[PDB]
Each structure stands twice: as C-alpha cells, then as structure tokens.
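Novice: Here you go, structure_12.tsv (TSV, C-alpha atoms):
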```tsv
chain	number	residue	atom	x	y	z
F	1	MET	CA	254.30	141.35	96.17
F	2	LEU	CA	251.73	140.14	98.72
F	3	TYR	CA	251.43	136.62	100.17
F	4	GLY	CA	248.75	135.05	102.34
F	5	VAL	CA	245.07	135.63	103.02
F	6	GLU	CA	243.91	138.57	105.10
F	7	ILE	CA	242.85	137.40	108.58
F	8	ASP	CA	239.92	139.64	109.54
F	9	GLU	CA	236.58	139.32	111.32
F	10	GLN	CA	235.02	137.18	108.59
F	11	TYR	CA	237.97	134.75	108.68
F	12	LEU	CA	237.56	134.27	112.42
F	13	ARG	CA	233.76	133.98	112.36
F	14	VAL	CA	234.02	130.72	110.38
F	15	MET	CA	236.46	129.33	112.97
F	16	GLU	CA	235.13	127.02	115.68
F	17	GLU	CA	236.88	128.98	118.41
F	18	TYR	CA	235.32	132.35	117.48
F	19	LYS	CA	232.11	131.82	115.49
F	20	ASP	CA	229.81	132.35	118.52
F	21	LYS	CA	231.82	135.17	120.11
F	22	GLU	CA	229.91	138.41	120.59
F	23	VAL	CA	232.91	140.63	119.76
F	24	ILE	CA	235.97	139.41	117.87
F	25	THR	CA	238.81	141.62	119.02
F	26	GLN	CA	242.00	142.86	117.45
F	27	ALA	CA	243.82	140.62	119.92
F	28	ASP	CA	241.86	137.63	118.58
F	29	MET	CA	242.73	138.41	114.97
F	30	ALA	CA	246.38	139.00	115.88
F	31	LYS	CA	246.57	135.67	117.71
F	32	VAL	CA	245.25	133.78	114.69
F	33	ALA	CA	247.65	135.58	112.35
F	34	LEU	CA	250.60	134.69	114.55
F	35	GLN	CA	249.35	131.09	114.53
F	36	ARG	CA	249.13	131.08	110.70
F	37	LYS	CA	252.60	132.60	110.23
F	38	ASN	CA	254.04	129.48	108.68
F	39	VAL	CA	251.19	128.75	106.24
F	40	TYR	CA	252.47	131.15	103.53
F	41	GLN	CA	256.01	131.69	104.84
F	42	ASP	CA	257.47	129.28	102.26
F	43	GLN	CA	256.06	131.49	99.51
F	44	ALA	CA	257.73	134.51	101.07
F	45	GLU	CA	261.01	132.60	101.44
F	46	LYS	CA	260.72	131.41	97.82
F	47	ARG	CA	260.49	135.07	96.77
F	48	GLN	CA	263.52	135.97	98.89
F	49	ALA	CA	265.43	133.22	97.08
F	50	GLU	CA	264.29	134.47	93.64
F	51	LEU	CA	265.42	138.02	94.43
F	52	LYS	CA	268.78	136.82	95.77
F	53	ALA	CA	269.39	134.65	92.72
F	54	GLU	CA	268.46	137.57	90.45
F	55	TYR	CA	270.71	140.01	92.32
F	56	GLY	CA	273.72	137.70	92.68
F	57	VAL	CA	276.91	138.70	94.44
F	58	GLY	CA	277.11	142.07	96.15
F	59	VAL	CA	275.54	143.53	99.31
F	60	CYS	CA	271.80	143.43	99.80
F	61	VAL	CA	268.97	142.49	102.10
F	62	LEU	CA	266.13	140.19	101.11
F	63	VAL	CA	263.34	141.42	103.39
F	64	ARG	CA	260.20	139.53	104.33
F	65	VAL	CA	257.57	141.27	106.50
F	66	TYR	CA	254.71	139.51	108.33
F	67	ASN	CA	251.81	141.54	109.75
F	68	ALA	CA	250.25	139.81	112.78
F	69	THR	CA	248.97	142.99	114.49
F	70	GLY	CA	245.33	142.07	114.01
F	71	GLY	CA	244.66	144.84	111.50
F	72	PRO	CA	246.12	146.27	108.30
F	73	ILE	CA	249.33	148.26	108.15
F	74	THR	CA	250.15	150.91	105.53
F	75	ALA	CA	253.60	151.90	104.24
F	76	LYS	CA	254.19	155.53	105.25
F	77	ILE	CA	257.90	156.12	104.66
F	78	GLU	CA	260.58	154.38	102.62
F	79	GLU	CA	264.11	155.72	102.92
F	80	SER	CA	267.46	154.64	101.45
F	81	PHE	CA	270.43	155.71	103.53
F	82	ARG	CA	272.91	153.73	101.40
F	83	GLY	CA	271.89	151.91	98.24
F	84	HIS	CA	268.45	151.65	96.71
F	85	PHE	CA	265.30	149.59	96.57
F	86	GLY	CA	264.65	147.04	93.88
F	87	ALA	CA	262.76	147.97	90.74
F	88	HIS	CA	259.45	146.43	91.79
F	89	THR	CA	257.17	148.79	93.68
F	90	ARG	CA	256.61	148.07	97.36
F	91	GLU	CA	253.16	147.12	98.64
F	92	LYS	CA	251.32	150.01	100.26
F	93	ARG	CA	248.93	147.94	102.40
F	94	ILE	CA	249.64	144.65	104.17
F	95	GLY	CA	246.67	142.90	105.73
F	96	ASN	CA	246.81	141.03	108.98
F	97	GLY	CA	248.08	137.54	108.11
F	98	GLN	CA	249.86	138.78	104.98
F	99	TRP	CA	253.52	138.95	103.98
F	100	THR	CA	255.39	141.25	101.68
F	101	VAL	CA	258.89	140.74	100.27
F	102	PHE	CA	261.34	143.16	98.73
F	103	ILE	CA	265.03	143.62	98.05
F	104	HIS	CA	267.25	146.53	98.96
F	105	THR	CA	270.76	146.59	97.51
F	106	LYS	CA	273.92	148.62	97.61
F	107	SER	CA	274.50	151.11	94.85
F	108	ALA	CA	275.65	149.58	91.58
F	109	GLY	CA	279.41	149.29	91.42
F	110	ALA	CA	279.95	150.89	94.80
F	111	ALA	CA	282.14	149.73	97.66
F	112	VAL	CA	279.30	150.66	100.00
F	113	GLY	CA	276.61	148.60	101.72
F	114	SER	CA	272.83	148.54	101.99
F	115	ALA	CA	271.09	150.69	104.62
F	116	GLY	CA	267.47	151.78	104.70
F	117	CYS	CA	264.10	151.54	106.35
F	118	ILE	CA	260.38	151.25	105.89
F	119	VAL	CA	257.91	152.78	108.33
F	120	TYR	CA	254.48	151.16	108.56
F	121	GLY	CA	251.43	152.75	110.19
F	122	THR	CA	248.79	150.86	112.16
F	123	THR	CA	245.10	151.52	112.60
F	124	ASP	CA	245.66	152.55	116.23
F	125	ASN	CA	248.00	155.34	115.13
F	126	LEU	CA	251.38	153.75	115.79
F	127	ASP	CA	254.27	153.76	113.35
F	128	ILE	CA	256.72	150.89	113.14
F	129	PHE	CA	260.25	151.71	111.98
F	130	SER	CA	261.93	148.70	110.33
F	131	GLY	CA	265.53	149.33	109.38
F	132	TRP	CA	268.53	147.42	108.15
F	133	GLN	CA	272.21	148.20	107.78
F	134	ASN	CA	274.34	145.64	105.94
F	135	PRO	CA	277.92	146.91	105.58
F	136	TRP	CA	280.36	146.50	102.73
F	137	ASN	CA	283.28	146.26	105.18
F	138	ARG	CA	282.87	142.85	106.78
F	139	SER	CA	284.93	143.72	109.81
F	140	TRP	CA	281.41	144.73	110.89
F	141	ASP	CA	278.21	142.69	111.12
F	142	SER	CA	274.83	142.88	109.47
F	143	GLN	CA	272.37	144.87	111.60
F	144	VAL	CA	268.60	145.13	112.02
F	145	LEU	CA	266.47	147.52	114.07
F	146	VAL	CA	262.78	147.88	114.88
F	147	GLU	CA	261.06	150.63	116.87
F	148	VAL	CA	257.36	151.02	117.64
F	149	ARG	CA	256.40	154.64	118.36
F	150	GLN	CA	253.50	157.06	118.05
F	151	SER	CA	252.41	157.86	114.51
F	152	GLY	CA	254.50	160.64	112.98
F	153	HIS	CA	257.51	159.95	115.21
F	154	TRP	CA	259.79	159.83	112.14
F	155	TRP	CA	261.32	162.12	111.13
F	156	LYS	CA	260.34	164.89	113.55
F	157	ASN	CA	261.34	162.97	116.72
F	158	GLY	CA	264.00	160.83	115.05
F	159	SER	CA	265.98	162.35	112.20
F	160	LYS	CA	267.31	160.39	109.25
F	161	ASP	CA	270.84	161.08	110.47
F	162	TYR	CA	269.96	159.81	113.95
F	163	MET	CA	268.26	156.62	112.76
F	164	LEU	CA	271.26	155.85	110.54
F	165	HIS	CA	273.52	156.41	113.55
F	166	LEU	CA	271.48	153.83	115.48
F	167	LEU	CA	271.78	151.45	112.53
F	168	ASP	CA	275.56	151.90	112.23
F	169	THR	CA	276.23	151.46	115.95
F	170	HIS	CA	273.77	148.61	116.50
F	171	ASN	CA	275.30	145.39	117.85
F	172	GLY	CA	272.86	142.59	117.15
F	173	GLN	CA	271.22	140.52	114.42
F	174	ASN	CA	267.90	140.61	116.31
F	175	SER	CA	265.88	143.60	117.46
F	176	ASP	CA	262.72	143.88	119.57
F	177	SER	CA	260.45	146.81	120.40
F	178	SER	CA	257.06	147.35	122.03
F	179	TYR	CA	254.74	150.35	122.24
F	180	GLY	CA	251.13	150.32	123.33
F	181	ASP	CA	249.64	146.95	122.42
F	182	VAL	CA	252.00	146.36	119.44
F	183	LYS	CA	255.27	144.45	119.28
F	184	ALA	CA	257.88	144.36	116.56
F	185	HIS	CA	260.72	141.94	115.93
F	186	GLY	CA	263.49	142.02	113.36
F	187	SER	CA	266.14	139.47	112.48
F	188	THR	CA	268.94	139.37	109.90
F	189	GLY	CA	271.52	136.93	108.73
F	190	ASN	CA	275.11	138.07	109.10
F	191	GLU	CA	276.25	137.94	105.48
F	192	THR	CA	276.67	140.17	102.44
F	193	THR	CA	273.39	138.99	100.88
F	194	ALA	CA	271.30	138.60	104.03
F	195	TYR	CA	267.78	137.37	104.66
F	196	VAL	CA	265.88	139.79	106.88
F	197	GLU	CA	262.55	139.12	108.62
F	198	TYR	CA	260.29	141.63	110.37
F	199	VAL	CA	257.29	140.42	112.38
F	200	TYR	CA	254.71	142.76	113.89
F	201	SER	CA	252.40	141.30	116.54
F	202	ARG	CA	249.88	142.24	119.28
```
Could you write out this file's structure as structure tokens?
Specialist:
Amino acid sequence: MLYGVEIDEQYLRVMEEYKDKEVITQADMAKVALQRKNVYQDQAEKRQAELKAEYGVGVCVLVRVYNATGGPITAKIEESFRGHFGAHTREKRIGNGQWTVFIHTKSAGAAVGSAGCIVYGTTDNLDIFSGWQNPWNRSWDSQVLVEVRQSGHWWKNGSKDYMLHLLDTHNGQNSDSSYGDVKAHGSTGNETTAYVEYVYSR
C-alpha cells in the first residue's frame, strides 16, 4: 500500500536546517523528500519482490512510485491498455516522502503483454502521466514513459490510442519529463517481469 512518513511542514520544522525559517517552501519539502528517498525504499522493493513471487512467470510490471514533489499527489486516472491491475486497490493519495507499490500484469493465459498507466495530480494543478509497456514478444524491449502536463491533459489533449502509440514506439528503459516546477522520471528493467520505478520531484 503506502510506505514512508509524509514529509510536510511539521516534519521540516523539527529539522535543524529549517526550524527557524520564516516560510518553509514546497521546494524545501521536496528537497528533503528527495534526500529521504532511500529510507523506506527497501520496504517498497520488498513489496515488489512479494508481488513478483506471488505472480510468478508471465509478463508484468512491479511498479514503485516515490513522491518527492513537496506536496501530496492524488491518483486521477488508471488505465489498462493491455492486461489488468492486481487485485489490491491502488492508493488514492501519496504524501510527499511516501511510496506506493502495485503490480500490473498481462491478461491471464494470453500471449499479450502488460501496458497501462496511472495519472497523478499535484496541488499546483499538474497531472503526471506514468505509463509502462512490457511486451510479450521479446524481439522488443520493456518501455516506460512519463509526461508532466497541465491538469486535465489526458485524455482530451492525449487520447488513449495516442498514449499507447507512444508506449509502443518508445525506445528507452528510462524516461524524463518536466513541466512548471515539477519533474518526473521513470525507469524499467528490460525483462518479462520487470521492476519499474517512477520518481516525481521539484
């Protein structure tokens, strides 16, 4: 589900570096979250391993997401292009400094891969598209894609068919995007049961 402590104003006001600061900014909270990325990462990786062991052999992605944007993000869209999400419900709200983990797998029994996305909204009215495309035919590579855009960009300014086209024709196991003050990064392993990591920062 949700890993880590939320890094907000009260967290920073007990820190030596910030306790006497007149205004603790979103940039300050984002910097601390990015510094604390590895504190709970092992828990997130442990959950990726659990999910992979439970799924077994097939095609899937084991996705960990770290929010270091300095404020909370909220899940706005989940879409399966090929395959389906795991049974456990996704977390709707990820605090700054928190991780979530989920699995997305191919359809049961199918000679088809895993392709989907989650779109998270920020408090400054940006949406972050985080997509994966892990093919059944291993003449092709695992793919990952992030885009930061204005809130509401999907699907009106980027259709489902168009985003899937970007996922299918992508040529990289890393992806980077920036809009406004926010940055997004995605990475994937190149394998049938691939670890995926998304990091959002400011």
Novice: Could you check the closest approach to residue 84 (chain F) for each of F:29, F:53, F:115, F:182 and tell me which residue wins, using all atoms listed in the file?
Specialist: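 The shortest atom-to-atom distance to residue 84 (chain F) comes from F:115.
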Novice: Against region 119-122 of chain F, which residues of region 9-97 of chain F fall within 6 Å? For each one I want the closest pair of atoms and the distance in Å (one decimal), counting all atoms listed in the file, rows by chain and increasing residue number, as a tab-separated table.
Specialist:
```
residue	atom	partner	partner_atom	distance
F:73	CA	F:122	CA	4.8
F:74	CA	F:121	CA	5.2
F:75	CA	F:120	CA	4.5
F:76	CA	F:120	CA	5.5
F:77	CA	F:119	CA	5.0
```
Novice: So, with all atoms listed in the file as the atoms that count, which of F:105, F:201, F:64, F:125 lies closest to residue 35 (chain F)?
Specialist: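 Ranked by minimum distance to residue 35 (chain F), first place goes to F:201.
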Novice: Considering all atoms listed in the file, give me a table of residues in region 127-147 of chain F that are at most 10 Å from region 195-199 of chain F, with the closest atom pair and distance in Å for each, as a tab-separated table.
Specialist:
```
residue	atom	partner	partner_atom	distance
F:130	CA	F:198	CA	7.3
F:131	CA	F:198	CA	9.4
F:132	CA	F:196	CA	8.2
F:142	CA	F:196	CA	9.8
F:143	CA	F:196	CA	9.5
F:144	CA	F:196	CA	7.9
F:145	CA	F:198	CA	9.3
F:146	CA	F:198	CA	8.1
```
Novice: Would you compute the distance between CA of residue 4 (chain F) and CA of residue 124 (chain F)? Give it in Å to one decimal.
Specialist: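 These atoms are spaced 22.6 Å apart.
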Novice: Which residue, F:112, F:61, F:164, F:128, has the smallest gap to residue 188 (chain F) when you use only C-alpha atoms?
Specialist: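 Comparing F:112, F:61, F:164, F:128 against residue 188 (chain F), the winner is F:61.
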Novice: Using all atoms listed in the file, which of the listed residues (F:200, F:193, F:169, F:97) sits closest to residue 49 (chain F)?
Specialist: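 The answer is F:193, which sits nearest to residue 49 (chain F).
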Novice: For CA of residue 16 (chain F) and CA of residue 43 (chain F), quote the distance in Å rounded to one decimal.
Specialist: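 Answer for the CA of residue 16 (chain F) to CA of residue 43 (chain F) separation: 26.8 Å.
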Novice: Within 12 Å of residue 30 (chain F), counting all atoms listed in the file, which residues show up once you throw out same-chain ones fewer than 5 positions away? Write them as a list in words, please.
Specialist: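 So the residues in contact are residues 6, 7, 8, 9, 11, 12, 24, 25, 35, 36, 37, 66, 67, 68, 69, 70, 71, 72, 95, 96, 97, 98, 181, 182, 183, 199, 200, 201 and 202 of chain F.
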Novice: Put a box with edges along x, y and z around all the listed atoms of region 112-130 of chain F, pad it by 6 Å on each side, then give me its centre and sizes in Å, one decimal, as lines of an AutoDock Vina configuration file.
Specialist:
```
center_x = 262.2
center_y = 151.9
center_z = 108.1
size_x = 46.2
size_y = 18.8
size_z = 28.2
```
Novice: Record the distance separating CA of residue 168 (chain F) and CA of residue 141 (chain F), expressed in Å with one decimal.
Specialist: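 It comes out at 9.6 Å.
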Novice: Which one of F:42, F:28, F:54, F:127 sits closest to residue 150 (chain F) if you count only C-alpha atoms?
Specialist: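 Of all the options, F:127 lies closest to residue 150 (chain F).
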Novice: List the neighbours of residue 109 (chain F) out to 12 Å using all atoms listed in the file; skip same-chain residues closer than 6 positions along the sequence, and give me the result as an MDAnalysis selection string.
Specialist: chainID F and resid 57:59 83 136
Novice: Those residues you just picked out, can you put them in a file as a PDB file, in the frame of the given file with C-alpha atoms?
Specialist:
```pdb
ATOM      1  CA  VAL F  57     276.910 138.700  94.440  1.00  0.00           C
ATOM      2  CA  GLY F  58     277.110 142.070  96.150  1.00  0.00           C
ATOM      3  CA  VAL F  59     275.540 143.530  99.310  1.00  0.00           C
ATOM      4  CA  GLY F  83     271.890 151.910  98.240  1.00  0.00           C
ATOM      5  CA  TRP F 136     280.360 146.500 102.730  1.00  0.00           C
TER       6      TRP F 136
END
```
Novice: Show me the residues around (263.4, 144.2, 96.9) - criterion: an atom at most 10 Å away, all atoms listed in the file counted - as a list in words.
Specialist: residues 1, 47, 48, 51, 52, 55, 60, 61, 62, 63, 64, 84, 85, 86, 87, 88, 89, 90, 100, 101, 102, 103, 104 and 105 of chain F
Novice: Rank F:126, F:166, F:194, F:108 by their smallest atom-to-atom distance to residue 152 (chain F), using only C-alpha atoms, and report the top residue only.
Specialist: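 The shortest atom-to-atom distance to residue 152 (chain F) comes from F:126.
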